[PDB]
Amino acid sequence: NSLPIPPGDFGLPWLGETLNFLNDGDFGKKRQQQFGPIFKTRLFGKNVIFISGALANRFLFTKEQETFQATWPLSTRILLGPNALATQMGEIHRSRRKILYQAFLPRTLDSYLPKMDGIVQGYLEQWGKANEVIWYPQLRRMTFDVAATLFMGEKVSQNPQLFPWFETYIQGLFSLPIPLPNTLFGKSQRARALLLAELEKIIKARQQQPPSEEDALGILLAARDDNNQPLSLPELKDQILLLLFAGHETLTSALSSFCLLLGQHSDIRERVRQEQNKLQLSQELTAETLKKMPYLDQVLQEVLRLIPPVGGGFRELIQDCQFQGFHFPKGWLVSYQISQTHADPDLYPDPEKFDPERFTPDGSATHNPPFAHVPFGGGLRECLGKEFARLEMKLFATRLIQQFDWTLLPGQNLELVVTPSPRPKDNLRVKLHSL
C-alpha cells in the first residue's frame, strides 16, 4: 500500500535531532505544533516516529509480538547490559518476567514495609530538624537507601561508594554514546564497571550462606529457567543493577513530584490528612492500613498523570505497518510518549491542572478510553515493579503528611528538567513544619 511517511526533520546523518532530544525540554511539544500529532525524527542513528494518546497507545500495545520489539537508545542499551530484562527479547524475556515478578508479590511487598518505614522515618526526622531543606538531592539519598536495602540487604546499604557511582551511572543512560573518559557516557561506563565488580562481591557473599528469599537478590539466586538452569552471574548482576536503577530513579521523580504538588495544593494535603485521621496511625502502620487509603490512591494516580516519572518507551517495527494514514516502515522505531498522552486535553480537561477528582469513581478519567493513563506503560513491557513503586509512594506520602506541613520557599525555579526523569530545576527548597 502506497501511504506517506509522517512529517518531520531527520537532520544530519546519524546525529539527527539527538542533541535536541537530549537537551531540549521542548522536544515533543515543539514537533507536535510544527508537524502534527504523528511526527518523525532521527535519534542515535535511527529513524523514529513519535506517537501519543489512547489510540496510538492501543495500536502499540496490540498484536504486539508480531509487530513491535522493545528497544532503548544506544547509550541505554550498552549501560543496562545484554542480560537485563529491559534488553531481553522473546522467550528469555517471557521467562525473566515471570522470575522477577516473584520479587513483587502482594505478600513479599507486605514484608518490605518495616525496613522501608524505618528508612523513611529516619530521613523525615533529620529533615524536620533542619531549617531549609534542599529536598531533591535528599530524596535521591533516601530512595537509593530503600532500594539497596530491600533488594540486596542492610549491611550492603551502608557501603559508601555505591550511591556516588549510581549517580554517575544514571547521568550517562540517556547521552551521546561517546566512549571517552571526558563524557557523561564514558564516566557512566566506568561507573557500571565499578558497580558490577561490587555486585559480584555482594553476590558471592550471599551464596556462601543459607538460602533466603526475603529480598530480590535472594529471589534471583533461587530462580530456575524452564530447563531448570540457574541465572548466570553476568545475568544476576545485570538484573539487580536494573532493579536498583528502576527502584531508585523512578521513585526519586515520583516523590519530588508529590512533594512539589502537595506542596502547592494544601487543600488536597489536608484531605489526605483527614483520611488518615479517620483511621488510627501511631508508629503502628501495617500493610493493611495503607490499603485503607482510597483518596490518597487518587492523589497518587494524579501525581503520576501530571508529572510522569518515565517519559516514554521505544519499539522497533519488525513488520511494515500503517496508522492513521501513515506508513510506519519496517525497521524504523516508534516512540510512545506518556508525557504527551497525559497532557491531552480530550483525555484530561485542563491538562495543566492537578485534580485528584479525575480518578474518583465517576470522574473524567474513569470512563476514558483504554490506555489513557499509562504511567507504567502497557502490553508486554508494562512496568514489573509498579506495586513496589505504589507501596513506597503511599508509605512516604502517609508518614510525611501525618508528621509535617511544608512550604515551598519563594523565589525558586520549580520548572521541570528531565535528565532522564522530571526534577525541579532548583532542587525543591522547602521548610518542614512539625505537627
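Position 1 is the first residue in the sequence shown; the rest follow in order.
Stretches 246 to 254 and 317 to 325 differ in mean CA B factor, with 317 to 325 having the higher one. The mean Cα B-factor in the deposited entry runs higher for 29 to 37 than for the other of 29 to 37 and 378 to 386.
You'll see in the entry that, of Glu235, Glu352, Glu275, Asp297, the Cα B factor peaks at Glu275. When the C-alpha B-factors of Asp362, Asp267, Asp145, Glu167 are read from the PDB record, the largest value belongs to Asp362.
Sort the modelled residues of the chain by CA B factor and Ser335 lands in the lowest third. Ranked within its chain, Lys98 lands in the highest third, by CA B factor from the PDB record. The entry lists a Cα temperature factor for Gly11 that places it in the highest third of the chain's modelled residues. The PDB entry assigns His342 a C-alpha temperature factor belonging to the lowest third of its chain's modelled residues. Among all modelled residues in its chain, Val303 ranks in the lowest third by Cα B-factor.
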